[PDB]
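Only one structure is covered here, and it is reproduced in the block below.
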Amino acid sequence: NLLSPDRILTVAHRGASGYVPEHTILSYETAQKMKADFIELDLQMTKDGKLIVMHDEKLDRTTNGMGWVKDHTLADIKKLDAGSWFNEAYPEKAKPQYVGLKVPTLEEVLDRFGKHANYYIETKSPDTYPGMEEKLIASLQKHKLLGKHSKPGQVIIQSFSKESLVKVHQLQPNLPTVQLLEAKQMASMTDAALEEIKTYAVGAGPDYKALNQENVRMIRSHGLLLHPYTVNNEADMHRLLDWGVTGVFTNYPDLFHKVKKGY
Ligand SMILES: O=P(O)(O)OC[C@H](O)CO
Ligand SMILES: [Ca+2]
Ligand code: NA
C-alpha cells in the first residue's frame, strides 16, 4: 500500500531533475527507469486555461520565453525550448538531446504513463488560478486514476495552500493530500496545527532543514506520513530515514532508492 507508514516512498522531485531538465517528459521517464515510486509535478495554468507542468509562475527560468505562464496560450508555450536552460546552468551535466525539450501539459504526462506511474501533483499559486483543482480532478478522473477501484495513493495532491487541499478533500474525500510546509512554519509547529492538517491531509511535506529527531517523532505520532523536501545528498537521506521520515522529495531518485533499502 502506497500510503502505508511502513512504506518508504521515493518521490522524484520534478522527475530525475538532478540529471535531466526538470518537468520534462524525459525527466519523468528517467525517474521511472530509476525506480521512483512517484513522479512529482508542479502545476501552472495557461492563458487559455490549460494545466501545464512548470515550477515557476513565470516562463523565464526554464524556457526561452518571458513572462507569466497565464499570459501565454498553450500554443505559444509549445513553441518554447524547455531544455537548453539546463545545459547552460549545468554545463557538466549538459546533453545534446536536452535541446528542444518541451513544456508538457498535465494531460500529456498522464497520457504518457497512465497507470504505470504514481503522481505527486502540486497546485502552485492556486488562488491565482480559478478552477485549478476542478481541472486537475477532471483530468485524473478521465485518465481513470480516480474512482473507488483506483489504486490508493496512485495520486497524491500537495500544496503550500491549505485552502487548495481543503477544497480537494471536500470534492474528492478519498484523494490523499499532503500539506507542504516552509521551514518557518515547521519550526513553530504545534500539535494543534498538526491535528488540523490531519483533518484533510494524510501527511506533511516540510523543508527538511527544519526537521530534528523530536519533531519527526511529533509528526509521526499524529499518524501523518512525512515527506521532507528536497533531499539531495546521501548523508541526509540516511539521517532522515534513521529519524523516521517515510519518504523524501529528491532530485536523485536512484540514490535514494539505494539508500532506502537499508531501512
Ligand atoms: O520545489 P518546490 O518549490 O515545489 O518545494 C516543495 C517541494 O517540491 C515539495 O512539493
Ligand atoms: Ca513541488
Ligand atoms: Na530563459
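Chains: A, B, ... in order of the C-alpha cells. Residues: from 1 per chain. Ligands: from 1, in order shown.
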
Using DSSP on the backbone coordinates, identify the residues of segment 1-51 of chain A assigned to alpha helix (DSSP H); present them as JSON, numbers by chain. {"A": [25, 26, 27, 28, 29, 30, 31, 32, 33]}

Could you please extract the residues within 12 Å of ligand 3, counting only C-alpha atoms and all ligand atoms, and hand them back as an mmCIF file with N, CA and C atoms, in the first residue's frame?
data_model
loop_
_atom_site.group_PDB
_atom_site.id
_atom_site.type_symbol
_atom_site.label_atom_id
_atom_site.label_comp_id
_atom_site.auth_asym_id
_atom_site.auth_seq_id
_atom_site.Cartn_x
_atom_site.Cartn_y
_atom_site.Cartn_z
ATOM 1 N N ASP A 56 7.906 27.414 -11.691
ATOM 2 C CA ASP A 56 7.711 28.854 -11.524
ATOM 3 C C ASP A 56 6.422 29.317 -12.184
ATOM 4 N N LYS A 58 6.378 32.014 -13.741
ATOM 5 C CA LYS A 58 6.906 32.678 -14.929
ATOM 6 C C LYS A 58 7.718 31.717 -15.777
ATOM 7 N N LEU A 59 7.757 31.994 -17.074
ATOM 8 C CA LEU A 59 8.445 31.141 -18.052
ATOM 9 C C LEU A 59 9.961 31.313 -18.046
ATOM 10 N N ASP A 60 10.433 32.390 -17.427
ATOM 11 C CA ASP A 60 11.783 32.876 -17.680
ATOM 12 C C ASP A 60 12.915 31.912 -17.327
ATOM 13 N N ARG A 61 12.814 31.222 -16.196
ATOM 14 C CA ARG A 61 13.941 30.417 -15.718
ATOM 15 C C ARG A 61 14.183 29.162 -16.568
ATOM 16 N N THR A 62 13.123 28.428 -16.892
ATOM 17 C CA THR A 62 13.296 27.117 -17.519
ATOM 18 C C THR A 62 12.906 27.066 -18.991
ATOM 19 N N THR A 63 12.630 28.218 -19.595
ATOM 20 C CA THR A 63 12.378 28.271 -21.039
ATOM 21 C C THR A 63 13.067 29.467 -21.667
ATOM 22 N N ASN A 64 13.002 29.552 -22.992
ATOM 23 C CA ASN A 64 13.470 30.738 -23.696
ATOM 24 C C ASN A 64 12.342 31.751 -23.904
ATOM 25 N N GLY A 65 11.276 31.623 -23.118
ATOM 26 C CA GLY A 65 10.188 32.586 -23.133
ATOM 27 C C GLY A 65 10.278 33.518 -21.938
ATOM 28 N N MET A 66 9.434 34.547 -21.918
ATOM 29 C CA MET A 66 9.414 35.513 -20.820
ATOM 30 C C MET A 66 7.992 35.792 -20.375
ATOM 31 N N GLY A 67 7.807 35.968 -19.076
ATOM 32 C CA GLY A 67 6.528 36.412 -18.564
ATOM 33 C C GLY A 67 5.762 35.308 -17.874
ATOM 34 N N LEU A 80 8.242 26.996 -27.187
ATOM 35 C CA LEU A 80 9.423 27.243 -26.363
ATOM 36 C C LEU A 80 10.344 26.030 -26.172
ATOM 37 N N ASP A 81 11.610 26.326 -25.897
ATOM 38 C CA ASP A 81 12.628 25.339 -25.548
ATOM 39 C C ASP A 81 12.715 25.242 -24.032
ATOM 40 N N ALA A 82 12.350 24.092 -23.474
ATOM 41 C CA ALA A 82 12.361 23.924 -22.017
ATOM 42 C C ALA A 82 13.517 23.047 -21.536
ATOM 43 N N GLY A 83 14.529 22.873 -22.379
ATOM 44 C CA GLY A 83 15.662 22.035 -22.022
ATOM 45 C C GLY A 83 17.016 22.721 -22.033
ATOM 46 N N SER A 84 17.210 23.656 -22.961
ATOM 47 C CA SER A 84 18.515 24.288 -23.156
ATOM 48 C C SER A 84 19.028 25.021 -21.910
ATOM 49 N N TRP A 85 18.113 25.596 -21.128
ATOM 50 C CA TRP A 85 18.478 26.318 -19.908
ATOM 51 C C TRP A 85 19.313 25.444 -18.977
ATOM 52 N N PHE A 86 19.021 24.145 -18.981
ATOM 53 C CA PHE A 86 19.689 23.189 -18.099
ATOM 54 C C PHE A 86 21.128 22.965 -18.554
ATOM 55 N N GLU A 88 22.917 25.069 -20.007
ATOM 56 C CA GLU A 88 23.634 26.302 -19.726
ATOM 57 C C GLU A 88 23.976 26.416 -18.244
ATOM 58 N N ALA A 89 23.006 26.080 -17.398
ATOM 59 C CA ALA A 89 23.163 26.204 -15.955
ATOM 60 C C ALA A 89 24.117 25.155 -15.397
#

From a DSSP calculation on the backbone, collect every residue of segment 34-250 of chain A in strand (DSSP E) and output the set as a compact mmCIF listing (two decimals) with N, CA, C and O atoms, in the first residue's frame.
# COMPACT_ATOMS: atom_id res chain seq x y z
N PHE A 38 7.11 7.78 -7.11
CA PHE A 38 6.29 8.88 -7.64
C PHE A 38 7.09 9.78 -8.55
O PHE A 38 8.27 10.06 -8.26
N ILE A 39 6.46 10.28 -9.61
CA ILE A 39 6.98 11.43 -10.32
C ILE A 39 6.24 12.67 -9.82
O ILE A 39 5.03 12.64 -9.60
N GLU A 40 6.99 13.74 -9.59
CA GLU A 40 6.44 14.94 -8.95
C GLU A 40 6.25 16.08 -9.94
O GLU A 40 7.17 16.45 -10.67
N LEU A 41 5.03 16.62 -9.96
CA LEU A 41 4.64 17.67 -10.88
C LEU A 41 4.27 18.94 -10.14
O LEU A 41 3.64 18.87 -9.09
N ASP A 42 4.64 20.10 -10.69
CA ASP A 42 4.15 21.40 -10.22
C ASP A 42 3.24 21.96 -11.30
O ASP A 42 3.63 21.96 -12.47
N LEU A 43 2.05 22.44 -10.93
CA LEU A 43 1.08 22.89 -11.95
C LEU A 43 0.97 24.42 -12.06
O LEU A 43 0.83 25.12 -11.05
N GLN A 44 1.02 24.91 -13.30
CA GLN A 44 0.61 26.27 -13.63
C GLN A 44 -0.55 26.18 -14.63
O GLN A 44 -0.95 25.08 -15.03
N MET A 45 -1.10 27.32 -15.04
CA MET A 45 -2.21 27.32 -15.99
C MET A 45 -1.99 28.38 -17.06
O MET A 45 -1.60 29.51 -16.76
N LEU A 51 -3.88 23.30 -17.91
CA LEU A 51 -2.90 22.97 -16.87
C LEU A 51 -1.63 22.46 -17.51
O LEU A 51 -1.66 21.50 -18.31
N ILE A 52 -0.51 23.08 -17.16
CA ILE A 52 0.80 22.64 -17.62
C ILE A 52 1.70 22.39 -16.43
O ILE A 52 1.40 22.81 -15.30
N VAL A 53 2.81 21.70 -16.67
CA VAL A 53 3.73 21.39 -15.60
C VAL A 53 4.92 22.33 -15.66
O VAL A 53 5.69 22.32 -16.62
N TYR A 119 1.60 9.61 -9.24
CA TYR A 119 1.77 11.03 -9.47
C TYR A 119 1.64 11.82 -8.18
O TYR A 119 0.70 11.62 -7.42
N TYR A 120 2.59 12.73 -7.96
CA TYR A 120 2.62 13.58 -6.77
C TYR A 120 2.49 15.00 -7.27
O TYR A 120 3.44 15.56 -7.79
N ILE A 121 1.28 15.56 -7.20
CA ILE A 121 0.97 16.74 -8.00
C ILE A 121 0.70 17.99 -7.16
O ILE A 121 -0.23 18.01 -6.36
N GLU A 122 1.49 19.03 -7.37
CA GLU A 122 1.33 20.26 -6.59
C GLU A 122 0.53 21.34 -7.30
O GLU A 122 0.78 21.64 -8.47
N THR A 123 -0.41 21.94 -6.58
CA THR A 123 -1.14 23.10 -7.08
C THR A 123 -0.34 24.33 -6.67
O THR A 123 -0.23 24.64 -5.49
N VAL A 155 -2.32 8.66 -6.90
CA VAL A 155 -2.14 10.10 -7.00
C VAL A 155 -2.20 10.72 -5.61
O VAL A 155 -3.10 10.41 -4.83
N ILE A 156 -1.23 11.57 -5.31
CA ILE A 156 -1.26 12.39 -4.11
C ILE A 156 -1.25 13.85 -4.54
O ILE A 156 -0.45 14.24 -5.39
N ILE A 157 -2.15 14.66 -3.97
CA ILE A 157 -2.17 16.08 -4.28
C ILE A 157 -1.51 16.83 -3.15
O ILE A 157 -1.72 16.51 -1.99
N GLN A 158 -0.66 17.79 -3.49
CA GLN A 158 0.11 18.51 -2.47
C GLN A 158 0.03 20.00 -2.76
O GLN A 158 -0.22 20.40 -3.89
N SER A 159 0.24 20.82 -1.73
CA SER A 159 0.24 22.26 -1.93
C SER A 159 0.74 22.94 -0.67
O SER A 159 0.60 22.41 0.42
N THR A 177 -4.11 13.93 0.29
CA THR A 177 -3.37 15.16 0.12
C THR A 177 -2.23 15.23 1.13
O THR A 177 -2.26 14.57 2.17
N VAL A 178 -1.23 16.03 0.80
CA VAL A 178 -0.10 16.27 1.69
C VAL A 178 0.13 17.77 1.79
O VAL A 178 0.27 18.47 0.78
N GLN A 179 0.12 18.26 3.02
CA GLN A 179 0.33 19.67 3.30
C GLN A 179 1.82 20.03 3.29
O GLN A 179 2.59 19.52 4.10
N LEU A 180 2.21 20.92 2.38
CA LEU A 180 3.58 21.38 2.32
C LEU A 180 3.82 22.52 3.31
O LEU A 180 2.95 23.37 3.56
N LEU A 181 5.02 22.52 3.88
CA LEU A 181 5.37 23.45 4.95
C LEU A 181 6.76 24.04 4.73
O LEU A 181 7.71 23.29 4.47
N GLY A 203 -0.54 13.43 5.16
CA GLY A 203 0.85 13.63 5.52
C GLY A 203 1.30 15.07 5.44
O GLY A 203 0.54 15.95 5.01
N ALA A 204 2.53 15.31 5.88
CA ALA A 204 3.16 16.63 5.80
C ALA A 204 4.43 16.57 4.98
O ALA A 204 5.16 15.58 5.01
N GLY A 205 4.72 17.66 4.28
CA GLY A 205 5.92 17.77 3.47
C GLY A 205 6.67 19.04 3.83
O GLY A 205 6.50 20.07 3.19
N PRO A 206 7.52 18.97 4.87
CA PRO A 206 8.28 20.14 5.30
C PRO A 206 9.66 20.25 4.67
O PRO A 206 10.26 19.26 4.26
N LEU A 225 2.01 10.72 7.36
CA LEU A 225 3.18 10.44 6.54
C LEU A 225 4.08 11.68 6.56
O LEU A 225 3.61 12.80 6.82
N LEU A 226 5.36 11.47 6.32
CA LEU A 226 6.31 12.56 6.43
C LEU A 226 7.31 12.52 5.28
O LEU A 226 8.17 11.64 5.22
N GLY A 247 9.57 9.02 3.55
CA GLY A 247 9.92 9.20 2.15
C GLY A 247 10.58 10.54 1.99
O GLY A 247 10.62 11.32 2.96
N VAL A 248 11.10 10.84 0.80
CA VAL A 248 11.63 12.18 0.52
C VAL A 248 11.31 12.62 -0.90
O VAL A 248 11.09 11.79 -1.79
N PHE A 249 11.26 13.93 -1.10
CA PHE A 249 11.39 14.51 -2.43
C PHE A 249 12.88 14.65 -2.72
O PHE A 249 13.61 15.24 -1.91
N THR A 250 13.33 14.11 -3.85
CA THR A 250 14.75 14.17 -4.17
C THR A 250 14.97 14.36 -5.67
O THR A 250 14.19 13.88 -6.49

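Distance-wise, atom CA of residue 20 of chain A and atom CA of residue 237 of chain A end up 20.8 Å apart.
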
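Across the structure, atom CA of residue 27 of chain A and atom CA of residue 15 of chain A are spaced 4.8 Å apart.
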
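Interatomic distance, atom CA of residue 14 of chain A against atom CA of residue 256 of chain A: 14.8 Å.
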
Write out as a ChimeraX atom specification the residues lying within 8 Å of segment 239-241 of chain A, counting only C-alpha atoms and excluding same-chain residues fewer than 4 positions away. /A:235,245-247,260,263

Could you give me, as a PyMOL selection string, the residues within 12 Å of residue 251 of chain A, counting only C-alpha atoms and dropping anything in the same chain fewer than 6 positions from it? chain A and resi 10-23+27-28+30-31+34+36+38-40+229-234+237+257
